Amino acid sequence: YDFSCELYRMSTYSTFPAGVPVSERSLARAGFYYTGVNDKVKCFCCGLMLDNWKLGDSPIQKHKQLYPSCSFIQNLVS
Ligand SMILES: [Zn+2]
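Okay, so the sequence shown: first residue is 41 according to the entry's author numbering, each after it adds one.
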């Protein structure tokens with residue numbers, strides 16, 4: 041289903057900057073791929089864009105909170 045998709049998302053983090061305080065795996069699992077700019081990531085499903093990640097930030101929570109209508113985030117959490 042989203043099998044290869046999550047794996048593709050993971051691959052986009054090859055250039056992710058070193059000091060970002062959230063794991064790339066968690067980002068990719070939350071539906072986000074890396075835009076190649078700063079620490080800005082984008083949902084493959086709804087296009088929600090997020091950057092300036094802080095220690096302890098939950099990509100899934102931010103995702104659910106900001107753009108609940110995303111089918112991916114709805115199905116991930118259900
Ligand atoms: Zn989304």
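Yeah, the Cβ is synthetic: ideal placement off N, Cα and C, and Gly gets one too.
- One alpha carbon belongs to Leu95, the other to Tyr41, and they sit about 31 Å apart.
- If you keep only unbroken beta strand (DSSP E) runs of at least 3 residues inside the segment 43 to 109, you get 72 to 74, 81 to 83.
- For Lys102, same chain residues with a beta-carbon under 7 Å away, outside a window of 5 residues either side, are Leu90 in chain order.
- 8 Å or more divides the Cβ of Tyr74 from the Cβ of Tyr107.
- In summary, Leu47 is exposed, with fewer than 16 beta-carbon neighbours lying within 10 Å of its beta-carbon over all protein chains present.
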